[PDB]
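*Asks:* Mind looking over this structure? Questions follow.
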Amino acid sequence: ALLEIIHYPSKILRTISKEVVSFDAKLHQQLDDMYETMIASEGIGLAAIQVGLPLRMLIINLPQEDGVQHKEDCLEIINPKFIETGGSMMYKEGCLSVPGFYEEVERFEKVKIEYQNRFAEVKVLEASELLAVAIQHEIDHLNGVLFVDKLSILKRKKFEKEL
Ligand SMILES: O=C(/C=C/c1ccc(O)c(O)c1)OCCc1ccccc1
Ligand SMILES: [Co+2]
């Protein structure tokens, strides 16, 4: 099913999401609906709070070389924690919850996270470049943080101007 995506400035997006403890059919249904919703809106990442579900889970599916998203490439990241962070880089970001707006954010250039997949299997994943940015952006959502919160002095006013 398609889910409604919640947009700025909804206070729902300020919610701190809760750890998932039951990795069951309902969880899988929600993840499937998140995927359907993300793809229908042409997104590459989605956190559960963006569809109103305050759970610490997010999906990321980056396009391959022909610009196509293959389902087998989708990461389902549940209960993530950072193990390591490194470096710094600027990256131009957007967000399904802030549609039509894009701006550079400073992110770690490399991250290592630990998380669980939909079968509760523990994973460790190292990421750089776009994947690292997507991981940081989506984890920020779980903590009630939007990328526009991270903009500089100069950039928020451009954001408010475009508003
Ligand atoms: O999927 C997205 C957002 C997509 C989107 C779709 C329609 C829009 O009208 C829009 O304005 C944005 O963002 C995911 C997070 C992200 C952002 C930047 C880099 C890495 C990861
Ligand atoms: Co987002």
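The chains in the structure tokens are called A, B, ... from first to last as shown; in each chain the residues are counted from 1, and the ligands are counted from 1 in the order shown.
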Residues within 12 Å of ligand 1 (only C-alpha atoms and all ligand atoms), as a PyMOL selection string?
*Replies:* chain A and resi 5+7-8+34-35+37-47+50+58-63+69+90-107+128-141+146-148
*Asks:* If you run DSSP on this backbone, which residues of chain A come out as helix (DSSP H, G or I), and could you give them as a PyMOL selection string?
*Replies:* chain A and resi 11-14+25-40+48-51+71-73+129-142+147-150+153-162
*Asks:* Run DSSP on the backbone and give me the residues of stretch 51-142 of chain A it puts in strand (DSSP E), as a PyMOL selection string.
*Replies:* chain A and resi 57-60+75-86+89-93+103-107+110-116+122-128
*Asks:* Grab the residues selected above and save them as a compact mmCIF listing (two decimals), in the first residue's frame with N, CA, C and O atoms.
*Replies:*
# COMPACT_ATOMS: atom_id res chain seq x y z
N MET A 57 13.76 2.62 12.03
CA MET A 57 14.04 1.83 10.85
C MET A 57 13.97 2.75 9.63
O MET A 57 13.23 3.73 9.62
N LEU A 58 14.77 2.43 8.62
CA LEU A 58 14.86 3.28 7.44
C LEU A 58 15.24 2.35 6.30
O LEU A 58 15.76 1.27 6.55
N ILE A 59 14.95 2.77 5.07
CA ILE A 59 15.38 2.01 3.89
C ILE A 59 16.18 2.91 2.98
O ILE A 59 15.94 4.11 2.92
N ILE A 60 17.15 2.33 2.29
CA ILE A 60 17.92 3.09 1.32
C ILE A 60 18.06 2.20 0.09
O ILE A 60 18.40 1.02 0.21
N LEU A 75 18.65 -1.60 1.17
CA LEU A 75 19.09 -1.86 2.53
C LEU A 75 17.94 -1.53 3.47
O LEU A 75 17.34 -0.46 3.37
N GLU A 76 17.64 -2.45 4.37
CA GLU A 76 16.65 -2.21 5.41
C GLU A 76 17.41 -2.15 6.72
O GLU A 76 17.94 -3.16 7.19
N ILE A 77 17.45 -0.95 7.30
CA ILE A 77 18.33 -0.67 8.43
C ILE A 77 17.50 -0.38 9.67
O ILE A 77 16.79 0.63 9.76
N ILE A 78 17.58 -1.31 10.63
CA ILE A 78 16.75 -1.25 11.83
C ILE A 78 17.62 -1.13 13.07
O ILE A 78 18.67 -1.77 13.17
N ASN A 79 17.22 -0.28 14.02
CA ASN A 79 18.01 -0.04 15.23
C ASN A 79 19.49 0.33 14.99
O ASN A 79 20.38 -0.21 15.64
N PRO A 80 19.75 1.25 14.07
CA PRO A 80 21.15 1.55 13.73
C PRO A 80 21.87 2.31 14.84
O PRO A 80 21.25 3.09 15.57
N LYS A 81 23.18 2.08 14.93
CA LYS A 81 24.05 2.84 15.83
C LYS A 81 25.34 3.10 15.09
O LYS A 81 25.80 2.25 14.33
N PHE A 82 25.94 4.27 15.30
CA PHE A 82 27.26 4.49 14.71
C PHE A 82 28.36 3.83 15.53
O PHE A 82 28.39 3.95 16.75
N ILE A 83 29.28 3.15 14.84
CA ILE A 83 30.48 2.56 15.45
C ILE A 83 31.65 3.51 15.24
O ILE A 83 32.46 3.73 16.14
N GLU A 84 31.74 4.05 14.03
CA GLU A 84 32.85 4.91 13.66
C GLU A 84 32.35 5.98 12.71
O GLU A 84 31.47 5.73 11.91
N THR A 85 32.95 7.18 12.80
CA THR A 85 32.70 8.25 11.84
C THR A 85 34.04 8.89 11.51
O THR A 85 34.96 8.89 12.34
N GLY A 86 34.18 9.41 10.29
CA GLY A 86 35.47 9.95 9.88
C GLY A 86 35.36 11.01 8.80
O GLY A 86 34.49 10.93 7.93
N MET A 89 32.73 16.19 4.48
CA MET A 89 32.52 16.54 3.09
C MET A 89 31.20 17.25 2.91
O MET A 89 30.27 17.06 3.69
N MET A 90 31.11 18.10 1.89
CA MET A 90 29.84 18.76 1.61
C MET A 90 29.08 17.92 0.60
O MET A 90 29.67 17.39 -0.33
N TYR A 91 27.77 17.78 0.79
CA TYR A 91 26.97 17.03 -0.16
C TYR A 91 25.63 17.71 -0.32
O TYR A 91 25.00 18.12 0.66
N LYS A 92 25.20 17.83 -1.58
CA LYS A 92 23.91 18.44 -1.88
C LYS A 92 22.81 17.41 -1.67
O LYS A 92 22.81 16.35 -2.29
N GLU A 93 21.89 17.73 -0.76
CA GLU A 93 20.85 16.78 -0.35
C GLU A 93 19.45 17.28 -0.67
O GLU A 93 19.24 18.48 -0.84
N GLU A 103 20.05 21.49 -0.96
CA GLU A 103 21.14 22.34 -0.49
C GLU A 103 22.28 21.51 0.07
O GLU A 103 22.07 20.37 0.49
N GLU A 104 23.48 22.08 0.07
CA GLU A 104 24.65 21.39 0.61
C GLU A 104 24.64 21.31 2.14
O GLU A 104 24.38 22.31 2.83
N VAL A 105 24.95 20.12 2.64
CA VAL A 105 25.04 19.84 4.06
C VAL A 105 26.43 19.27 4.31
O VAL A 105 26.96 18.57 3.46
N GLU A 106 27.02 19.57 5.47
CA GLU A 106 28.30 18.95 5.83
C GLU A 106 28.00 17.62 6.51
O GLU A 106 27.20 17.55 7.45
N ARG A 107 28.64 16.56 6.02
CA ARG A 107 28.46 15.22 6.54
C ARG A 107 29.81 14.59 6.81
O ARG A 107 30.84 15.08 6.31
N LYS A 110 32.96 9.31 5.84
CA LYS A 110 32.94 7.86 5.99
C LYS A 110 32.28 7.49 7.32
O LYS A 110 32.53 8.13 8.34
N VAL A 111 31.42 6.47 7.30
CA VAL A 111 30.79 5.99 8.53
C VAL A 111 30.81 4.47 8.61
O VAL A 111 30.91 3.79 7.59
N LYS A 112 30.71 3.95 9.83
CA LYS A 112 30.51 2.52 10.02
C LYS A 112 29.37 2.38 11.01
O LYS A 112 29.40 2.97 12.09
N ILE A 113 28.34 1.63 10.63
CA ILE A 113 27.19 1.46 11.51
C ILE A 113 26.97 0.00 11.84
O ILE A 113 27.42 -0.90 11.12
N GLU A 114 26.27 -0.23 12.94
CA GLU A 114 25.77 -1.56 13.27
C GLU A 114 24.26 -1.47 13.30
O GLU A 114 23.70 -0.46 13.76
N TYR A 115 23.58 -2.48 12.79
CA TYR A 115 22.12 -2.44 12.73
C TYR A 115 21.58 -3.85 12.59
O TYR A 115 22.36 -4.80 12.58
N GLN A 116 20.25 -3.98 12.51
CA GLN A 116 19.61 -5.27 12.26
C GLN A 116 18.79 -5.21 10.98
O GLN A 116 18.24 -4.16 10.64
N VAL A 122 22.10 -9.20 12.95
CA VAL A 122 22.99 -8.05 13.20
C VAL A 122 23.99 -7.88 12.07
O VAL A 122 24.60 -8.85 11.64
N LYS A 123 24.15 -6.64 11.59
CA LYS A 123 25.06 -6.33 10.49
C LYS A 123 25.99 -5.21 10.89
O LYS A 123 25.62 -4.35 11.68
N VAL A 124 27.19 -5.23 10.34
CA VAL A 124 28.09 -4.08 10.42
C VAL A 124 28.33 -3.62 8.98
O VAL A 124 28.62 -4.43 8.10
N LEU A 125 28.18 -2.32 8.74
CA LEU A 125 28.34 -1.80 7.38
C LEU A 125 29.19 -0.55 7.35
O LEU A 125 28.91 0.40 8.09
N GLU A 126 30.21 -0.54 6.50
CA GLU A 126 31.01 0.67 6.29
C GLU A 126 30.56 1.35 5.00
O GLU A 126 30.26 0.67 4.02
N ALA A 127 30.50 2.68 4.99
CA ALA A 127 29.98 3.39 3.83
C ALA A 127 30.74 4.67 3.61
O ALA A 127 31.22 5.28 4.56
N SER A 128 30.81 5.09 2.35
CA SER A 128 31.39 6.38 1.99
C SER A 128 30.51 7.04 0.93
O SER A 128 29.55 6.44 0.46
*Asks:* Write out as a list in words which residues come within 10 Å of residue A:55 when counting only C-alpha atoms, dropping same-chain ones fewer than 6 positions away.
*Replies:* residues 15, 16, 17, 18, 19, 20, 21, 27, 47, 48, 49, 78, 79 and 142 of chain A
*Asks:* Using only C-alpha atoms and all ligand atoms, which residue out of A:152, A:56, A:11, A:144 lies closest to ligand 2?
*Replies:*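 Closest to ligand 2 of all the choices is A:144.
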*Asks:* One decimal, in Å: what's the spacing between atom CA of residue A:28 and atom CA of residue A:117?
*Replies:*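 Going from atom CA of residue A:28 over to atom CA of residue A:117, I get 10.4 Å.
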*Asks:* Smallest atom-to-atom distance to ligand 2: which of A:154, A:120, A:1, A:145, using only C-alpha atoms and all ligand atoms?
*Replies:*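 Nearest candidate to ligand 2 out of A:154, A:120, A:1, A:145: A:145.
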